[PDB]
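Residue numbers (the entry's author numbering), protein chains in the order written: chain F, 8 to 312; chain D, 7 to 312; chain A, 8 to 312; chain C, 7 to 312; chain E, 7 to 312; chain B, 7 to 311.
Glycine is no exception: its CB is placed at the ideal position from the N, C-alpha and C atoms.
Note sheet for the following structure.
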Amino acid sequence: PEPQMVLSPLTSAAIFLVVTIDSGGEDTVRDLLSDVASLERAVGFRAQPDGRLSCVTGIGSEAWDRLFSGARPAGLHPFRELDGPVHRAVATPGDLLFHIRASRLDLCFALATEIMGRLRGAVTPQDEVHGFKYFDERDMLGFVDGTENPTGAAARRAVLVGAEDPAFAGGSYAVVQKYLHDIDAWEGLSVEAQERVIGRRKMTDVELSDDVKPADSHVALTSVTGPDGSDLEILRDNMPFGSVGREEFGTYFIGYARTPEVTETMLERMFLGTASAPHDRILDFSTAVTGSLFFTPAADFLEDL
Amino acid sequence: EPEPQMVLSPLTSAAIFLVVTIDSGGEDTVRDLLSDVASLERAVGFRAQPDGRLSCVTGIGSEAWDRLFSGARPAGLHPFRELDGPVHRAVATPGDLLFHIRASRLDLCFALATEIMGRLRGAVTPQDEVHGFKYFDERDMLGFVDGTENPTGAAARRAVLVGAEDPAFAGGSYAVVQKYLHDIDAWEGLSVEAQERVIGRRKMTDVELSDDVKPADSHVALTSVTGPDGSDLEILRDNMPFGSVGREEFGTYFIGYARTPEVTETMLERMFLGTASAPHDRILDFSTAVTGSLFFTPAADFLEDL
Amino acid sequence: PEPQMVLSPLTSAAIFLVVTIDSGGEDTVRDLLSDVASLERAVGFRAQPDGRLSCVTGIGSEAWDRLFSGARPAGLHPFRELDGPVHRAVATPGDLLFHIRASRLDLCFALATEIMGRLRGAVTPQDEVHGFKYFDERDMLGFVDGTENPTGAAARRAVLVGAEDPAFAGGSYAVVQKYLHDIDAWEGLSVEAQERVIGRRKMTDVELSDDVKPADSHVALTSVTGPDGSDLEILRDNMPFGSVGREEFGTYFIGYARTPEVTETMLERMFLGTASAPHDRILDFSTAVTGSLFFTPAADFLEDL
Amino acid sequence: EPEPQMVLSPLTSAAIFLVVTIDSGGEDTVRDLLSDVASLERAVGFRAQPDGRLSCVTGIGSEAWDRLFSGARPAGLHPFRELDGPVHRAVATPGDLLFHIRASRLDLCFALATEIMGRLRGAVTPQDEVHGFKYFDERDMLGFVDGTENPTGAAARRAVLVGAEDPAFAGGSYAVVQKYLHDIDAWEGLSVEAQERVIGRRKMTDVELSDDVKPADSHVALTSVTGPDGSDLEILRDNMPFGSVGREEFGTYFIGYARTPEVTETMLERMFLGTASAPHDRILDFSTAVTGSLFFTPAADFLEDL
Amino acid sequence: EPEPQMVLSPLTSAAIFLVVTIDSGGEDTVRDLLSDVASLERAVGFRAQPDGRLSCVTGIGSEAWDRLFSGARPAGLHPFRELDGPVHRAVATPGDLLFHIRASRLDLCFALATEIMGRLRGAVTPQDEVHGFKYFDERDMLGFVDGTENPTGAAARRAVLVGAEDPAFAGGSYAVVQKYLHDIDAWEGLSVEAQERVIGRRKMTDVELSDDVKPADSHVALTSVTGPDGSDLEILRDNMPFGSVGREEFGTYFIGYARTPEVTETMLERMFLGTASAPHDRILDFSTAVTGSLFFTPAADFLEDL
Amino acid sequence: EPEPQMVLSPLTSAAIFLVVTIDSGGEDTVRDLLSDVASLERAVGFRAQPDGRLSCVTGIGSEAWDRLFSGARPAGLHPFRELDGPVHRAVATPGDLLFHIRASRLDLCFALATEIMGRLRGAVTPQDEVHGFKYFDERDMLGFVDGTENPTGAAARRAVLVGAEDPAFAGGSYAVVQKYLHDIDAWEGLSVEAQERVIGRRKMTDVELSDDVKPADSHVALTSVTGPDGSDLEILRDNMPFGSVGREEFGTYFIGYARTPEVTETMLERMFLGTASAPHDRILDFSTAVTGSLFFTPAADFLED
Ligand code: HEM
Ligand code: HEM
Ligand code: HEM
Ligand code: HEM
Ligand code: HEM
């Protein structure tokens, strides 16, 4: 069974578009979802082969129910507020996601255009982000970001619903959250200190030896081992965004996993603490201003509506 | 020549346009930054060569010029002329400084813009910030190829660079910016044949319409203007689309360099006020100017030294 | 069971070479077919991985009988002439086909040279066509060409012979037609009208909605659904060619499928019509001057002689 | 003042060569087209920047020149002088106009060719049309590297461009074209050692053979000429392979620009007729000229002015 | 599956080969390194995607295996067998560990090598270090195309990866390495026709010589072997040239992966000792082996878990 | 008049440095080679255009110049001036010829070097041979961006090329080479903040430190010189890392072209001996010069004769 373009090459542009369905607009959305497959290609085909245009369409809990005839993804729920001693992970409205990516921005902008064209009226926009990669895979804190993602079969294994919920095998669970960074603060740190916050070296992107790496460091609190005894894995594609004018500097978080337990556990760790840690040090510089969750169906699923 | 700023740039695929005003007090901080701008271009740009083609061109407004330097003014430098037409209005908005930042990747623009606005925290107020992108086959937001008739080589040198006529500032140029917003609902209502009648070229093949077919109210008609000699009077453009899908904003950011503004301003008069032949440029029936500023972009020597 | 390079990546250049077998060349041809796989590699290897050289070799009905004995592919027959009210699809000679593709012309030409080198004397050339990608995947009518072709495993299952004819699993059925356009006339239509002939938008390459799309449009007559409701798909890699000297502007058509009943259906609809369409409007501007049907065997069938 | 045609184009990987005659009374339609050729280059080319590298060079024959303009003639311009050698014959074939169209993709050449011959349908007759491509690693059909010793940069400017010596037409050049067909069966019969003896360089490493050993009937031998000026006489070539495998046709399309034909013509004399110490260029024993034409390729502004 | 190491690698243009021995009581420090090597691949490589193509393949010798792990041994693992032939000798040199580092640029190889040997300072002794580079058209030091007949896709899967036959170590492979030096003076003494007789393919066009005419002492002859399975017996090679013009050293570094060494070893027997119808592989008359070592390159999961 | 050698060369990522001495009686063989070197550049380079970017610059030592030619000597040409400083010593090593060979790929350098040393077997003795490689983001072995503030375009012409001041040799330049070895263990001991204090720029963003904060014993400090008139005195560098992991050798090969050596020499005086401000350039505390040689690289015409 065939999934949407979750596993993409590195792509260096993206548009993240989040919307909510006015009541009334649920037949208009059924319609767009059937066609969304074919608009990917309308825009993408003439740009082969550099384009690498891909759209991942995800649906939120509330919206699922309004929209669909029968039974529900196992894992799907509203995103869960995390009300921690110090940091708060908020929970924002979000019925639909379009995760648009390609090797150039206009390709994304063309597809977003053609989509909202068919929705004008039936939805209301919540959030829109125009993302770009730094020329050597850095995020807004200046660290290489993407290094430890899974590949090949590991990724096919850690992202796609399989036999555990087999009416939607080929689906995935996306979490999104927009973060805004306190760059004045962050850049006030020594590099040595910043490594302590992330858990890897700034310039060479090597992992800090197991005994020099703080446990409040991001890489510590997100390395998390199952019942299974094996490592538990998500797939990210965090895109910097922002505005120099509005002093806005951001990293847009997106995290695919085969179940939301995995993503959600990493987030408890980050916002609430462990045995040995108050909260994730990175959040002392990064404020979450969105949060939603979505299921991103198989592609077979959408074509048939 | 004196060595000029990177006005003659290749096709680049992304740009940031940053327009600011100088607060009271900020005079000093700005002079410091202008001396260093050259060198920030290189810091940020050098490690990504030659895939990169980062260029920053810095220009200065009329009012701002007087606050910053004493001595001679460039001959042509003035506030942008507001044009109150029968139908369409070309408006004048404030801007003391302009940064036209261009490269093949957006992040290179943004890294440079960060370093610049970083060093001007305190000293300015941002008026306009636009992130633009070329559509994949050099087309603009109306779906026509955009930049075809621009000059190159030495003809460009002749059209944009101040020379002997104001020798103090040889190597400089006069940049005019206007941010336009388009009414696409309306535009996509026309047949292609009609749209070509607005622009004056063929949509798909980008060939000029023949002299006997091309309407007098077409864009290409009203912006071809002939000199004293009857030789065509030319500018350099690098119009970039921008916008936002959520808030139905589809735009073309206009930018135009010339050796003297009398040229650029002529084209505007014809566009907004009309000739005997044409009421106004049909393109304005789909495009609304919401900014307007005039700037002088000095030779890079002039910044390197103070 | 391993197949010939029918599913090739998007390539920008191609040679189409069609020949007939002289009497007493049968030997020399079998020798060549055993080696063709290996000449692909000789020539192609040194220009990897930009190269994307692929050669697909197919065989006509009458030629098959002269070369082998025993069981024949179920579907293999001479191309069916179509004598329609208006438009006629012709049948031309063709014992062998070489569909050679790459990213550079020289690679195609070097391969074609080494093949015709080994067959100089055994065959007679009937048709030789050098094609090229126009801009951004547009054909000679100026529309985007390839867009609704199947990809990935949908293509696997629509072009490759399987269980239904198990002796020849891994094979395919290519149909070729050389078409010429009366551009004269086509450039006489407004774009609105031209879209009405094709069934998609010229510039944005989006489908016309079913409420406006004429039933005499190309996209109309070439969408066919089966008894079981699912789409019947083929794979095309139409290549423009021509000569400006002789005002010859063409699109060379090629169509692979797991059975010709599919390709042939689409042709019947194009040339002869439905209830609600006289014939495909595209033929009012396009003239078929060849027609040939070939079977492209699994690669192990050729290696093993 | 004067800007020349894109003769000094980079190495490009595809070309169309189109040669035509002017029909009776077609002179008008052609002048119209020559004024616009520059503009069609840009229409077609601009949207495919910067990969495209589309260039068209337009040249004009001797007899055609008189039909189209009088006024001054370029000093050197004459019909191609037929060379009836002891063994090998360099023939003269008809040709009033030449379009040497080059880019990185064939479709760009063909799209320009379409637009040109579109405007000339009726007024001309095509004599020769050739689609040429790069073979691997700048090799020709005989499998040797082809273009190595071409002059570059400003040395090219000096060798190809008409200057002060004929100042009316400064910026022009003299293109000679010949279409050659090869006898591959015969050529691939030679050992590589022997083939190198024909050409005068090493096949694989493309190094010159030493004075010690290079035959004087080798191609590189016969085409090295020193002037009275003691300096080497240099031309610029962009030899392009073409062919069809069906009709056993393997070719090199030859084209040679120089500031004067006396130069190109000399090399030909040596190739076809021989020296004191060599019968004819060994290359001709495998290559047959089936066309031959001479043209003048004016400065680009000269065509603008019609 | 299990995940195997990066044995089936794309075309890469550069490589570092590192062979070391483990000192007294280095066993601990090495196990530490092996657990992390996968992740240093990614540290160094990830930020240079997708041009980089950086891959590191890590192998272990027979004696070294026993020091580091007990548990099962891989079926095939043994010290490299010296072959003391009639004429030519294949030597055995020491090697406990192997790093076969490949990418598109050398500096990426070197950066990875640095980070590895950084973590082993103290605990090993370098035996062999080689910086290799492909010629631009996949040629080796003898001037022939090298890699052509290597298997691809799942036929490579089938040839190289330990499978069911020893399921403990499925995903592993057997690398044999040998460093060769050439006497190029001697080699460049042959005509090309003769050189093709040594190799068994055409120099220029890289086509196999016909079964009629290919010598049985040619390299391609002696290294095509058929099994019991009727099937051809295949390995995977990634020969890289290296050398130094100062020290008149020109080399081909050989490396050969297979699912069992019985395969690789057979080819060597035929090369060095001869068959019924060949004294030795003609290629050895121009190539001298100066190293020789055998390694097992485990499944990648086997390293992660230490 | 003059066309110069390929000194103003594009950014290239690979290089061979070859330094040799002329044996007794080899004067003949060398003159022959120098006449031909121009044309070996093109033999080897032409078939790889335009990716290849192969260039060779050939320079000649002071002692050697006298052996080879009679007539004028370049005004500036002399043996390298040894500098025995308080702490660090810049040494003089032997060198009659230099080949500074550069391309995008190393095989191209090596193929050309083969052809050169092929034609000199017997007539020279190799002193130094170095294979260099630029790291992916224009960084050197210390991990800083290297090349940033080099002059370009016309400013380079003005700073590197002999002109009217010695018009016999206009089109020439003066190359100085030094091979440096680093103590990396020591260097990677420093915090990044400290390392920036050695260099005078920011490691990660490669921005100059402001005039107030920049140490006057920093590298960038001691190598900014202004002339008598107060216009900045510039050279052109193309520092290339090299090394060997086995033999713990990690290096930067230095090369510096200028229109007169008295410029390059000045920078060195400041580096090795000090100003009042500075004991010596902090970079030498981590970098040891183990070669040193000076060469004149003629106009290219001069070799054609
Ligand atoms: C401002 C937000 C964030 C930034 C700037 C950020 C940055 C980073 C960086 C620099 C790394 C190290 C390189 C790498 O392996 O990617 C990393 C690793 C990681 N991050 Fe984040 N991150 C952010 C938010 C999150 C969130 C919300 C999650 C999960 C809910 C997450 C999950 C991970 C995981 C699983 C790893 C790798 C664990 C391993 O190394 O085995 N990150 N992040
Ligand atoms: C003669 C010149 C032809 C031209 C220029 C041409 C061009 C096109 C174009 C532009 C499209 C729409 C873009 C796309 O869907 O790929 C199209 C669609 C298609 N064409 Fe053709 N075509 C030609 C002949 C044929 C023939 C002979 C066949 C079949 C026997 C065929 C089969 C198809 C199919 C199956 C589709 C897609 C159906 C869908 O939208 O679900 N074409 N053609
Ligand atoms: C079939 C026709 C031709 C072929 C295949 C051919 C091919 C070649 C080849 C392989 C070379 C050696 C590499 C190079 O230096 O470019 C060469 C050199 C040259 N060819 Fe030709 N050529 C042909 C015709 C001509 C003609 C007709 C001329 C002049 C009328 C010409 C003029 C030259 C010149 C001047 C050189 C180089 C001299 C120097 O070494 O300094 N070629 N040609
Ligand atoms: C000494 C330097 C060596 C060089 C320079 C070299 C070079 C070549 C070349 C040029 C080819 C032909 C192209 C191809 O198919 O790759 C080839 C084929 C091959 N080489 Fe080598 N080789 C060397 C050593 C070895 C060794 C030691 C082995 C095995 C022990 C080996 C095994 C093979 C195999 C199996 C083939 C292809 C067989 C087939 O045609 O089906 N080579 N080698
Ligand atoms: C010892 C190894 C050397 C290394 C690793 C090295 C590295 C660097 C680095 C990273 C920079 C900053 C980026 C740049 O502008 O290029 C720099 C600047 C510079 N270096 Fe070096 N360098 C070395 C030796 C030398 C030597 C020996 C000289 C001169 C005799 C020299 C002359 C310069 C000059 C002139 C500048 C620029 C002045 C200005 O900033 O306006 N370097 N070097």
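Contact note: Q55 (chain A) reaches chain E through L17 and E144, using a C-beta cutoff of 8 Å and chain order.
In this structure, the CA atom of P80 (chain B) is about 8 Å from the CA atom of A174 (chain B). Taking a beta-carbon distance threshold of 8 Å, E199 (chain C) counts as an interface residue toward chain E. Proximity of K209 (chain F) to chain B, defined by a Cβ-Cβ separation below 8 Å, is satisfied. For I205 (chain F), the enclosing alpha helix (DSSP H) has its first and last residue at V198 to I205. Distance check between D223 (chain C) and each of C:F256, C:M277, C:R48 and C:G257 places C:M277 closest, using alpha-carbon atoms only.
For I190 (chain E), the CB contacts under 6 Å within the same chain, skipping 5 residues up- and downstream, are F256 in chain order.
With a threshold of 7 Å, the Cβ atom of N245 (chain E) counts as near ligand 4, since some heavy atom of the ligand is closer than that. Within the model, the alpha-carbon separation for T297 (chain A) versus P132 (chain C) is close to 26 Å. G58 (chain A) is not a Cβ neighbour of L112 (chain A), given a cutoff of 8 Å. Considering only E:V219, E:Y263 and E:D218, the residue with the shortest C-alpha distance to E240 (chain E) is E:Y263.
Per DSSP, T266 (chain E) lies in no beta strand (DSSP E) and is assigned neither H nor E. The three-state secondary structure of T158 (chain E), taken from DSSP, is coil.
Among the residues facing chain F, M246 (chain D) is not included, as its CB has no counterpart in that chain under 8 Å away. In this structure, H94 (chain E) has its CB at a distance of at least 7 Å from all heavy atoms of ligand 4.
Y180 (chain B) is not a Cβ neighbour of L309 (chain B), given a cutoff of 8 Å. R48 (chain F) belongs to the set of residues whose beta carbon lies under 8 Å from a beta carbon in chain A.
At a Cβ-Cβ threshold of 8 Å, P247 (chain B) and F139 (chain B) count as neighbours. Distance between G32 (chain C) and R127 (chain C), taken at the CA atoms: about 10 Å. Against chain C, a Cβ distance below 7 Å from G153 (chain E) picks out nothing, because the smallest value is about 17 Å.
Between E9 (chain B) and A306 (chain B) a beta carbon distance of about 5 Å is seen, short of the 8 Å cut, so the two are scored as contacting. Around the CB of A21 (chain A), 16 or more other CB atoms lie within 10 Å, so the residue is classed as buried.
The beta strand (DSSP E) runs lying completely inside the region 88 to 131 of chain D and spanning 3 residues or more are 103 to 109, given in chain order.
When Cβ pairs closer than 8 Å are counted between the two stretches, the region 35 to 49 of chain E is seen not to touch the region 270 to 286 of chain E, the count staying below three. Neighbours of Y141 (chain C) in chain A, taken as residues whose beta carbon is under 7 Å from its own, are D113 in chain order.
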